[PDB]
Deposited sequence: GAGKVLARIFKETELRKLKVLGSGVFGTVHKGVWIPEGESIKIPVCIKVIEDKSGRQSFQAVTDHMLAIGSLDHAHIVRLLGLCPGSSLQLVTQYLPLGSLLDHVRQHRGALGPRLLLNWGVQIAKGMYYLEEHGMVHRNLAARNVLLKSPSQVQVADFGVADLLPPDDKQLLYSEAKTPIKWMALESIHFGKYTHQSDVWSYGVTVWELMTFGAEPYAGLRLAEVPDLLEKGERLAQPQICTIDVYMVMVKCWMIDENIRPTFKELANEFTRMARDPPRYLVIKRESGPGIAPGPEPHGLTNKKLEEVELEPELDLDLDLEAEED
């Protein structure tokens, strides 16, 4: 709930982990001032495309991001301002939830899947209750803290850059409008990823075809392991009108209701 500030010499980037849409994530290390200790961290480098020379000083979209802590979100250990912004977080070796469900597939219990639905939902609830909009929620951006604990990552990063199509809501695609309920849409797609064990949304199609496809009434199909009750949720997540879509309170509560009976809502053998 307090934002720490690093100087650039305290941080060092060891290996590239991967690049995405916004920034590039390095596995790096922290060596504090006047100490010789190396503490393994995750340093995400965001390039300054503001032109105003954006990131030389701490803005508080930045402290806002830095002043959040919840059991099911990735806490931002510290930030480092400069020509490039550096976001330092814990290095979670278990990796992304996407890769996990892709590797273990059905072998994970239905209880785990429903519970992860719940956890992602309460993380997002914490974020929404504190006015934080994610703008990039996906299965790739949910990391495993524990084999049973998941945390939401890459939140608030999107409004660091100036003004992913398969996780975006229609208003987001058409008018660049991002809301907590657009994050709900994204949540629905994320859960779809989860319960299809890491399937690629709208695989056969091309990015051009997706928004119109959505506007013509078609959706991501019902997952093989999904009861009608669970798919109904994703469906209401993917509503065109925003104020119809569920809120995160309710999403968390209903996935909780389901979690209190895993086999009735998911069928895996």
| Tell me, which runs of residues in the deposited sequence have no coordinates at all? | 1 to 4, 168 to 179, 286 to 326
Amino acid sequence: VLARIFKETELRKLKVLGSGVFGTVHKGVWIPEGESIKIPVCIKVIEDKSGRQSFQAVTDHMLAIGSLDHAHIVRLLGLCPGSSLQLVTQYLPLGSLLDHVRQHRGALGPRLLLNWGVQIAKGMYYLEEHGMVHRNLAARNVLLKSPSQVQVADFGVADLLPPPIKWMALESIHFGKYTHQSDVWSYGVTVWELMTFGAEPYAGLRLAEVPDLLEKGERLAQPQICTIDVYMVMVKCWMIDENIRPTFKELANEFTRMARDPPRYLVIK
From here on, numbers count along this sequence of modelled residues.
| request: Decide which of the stretches 114 to 122 and 101 to 109 has the higher mean C-alpha B-factor, going by the entry. | output: 101 to 109
| task | With reference to the PDB entry, specify whether the mean Cα temperature factor is higher for 71 to 79 or for 190 to 198. | result | 71 to 79
| Within this chain, which third does the Cα B-factor at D229 fall in: lowest, middle or highest? | lowest
| note | Sorting the chain's modelled residues by C-alpha B-factor and splitting them into thirds places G51 in the highest
| In terms of the chain's CA B-factor thirds, is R135 lowest, middle or highest? | lowest
| note | On the chain's distribution of Cα B-factors, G34 falls within the third called highest
| Taking the C-alpha B-factors as the PDB entry records them, is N253 in the lowest, middle or highest third of its chain? | middle
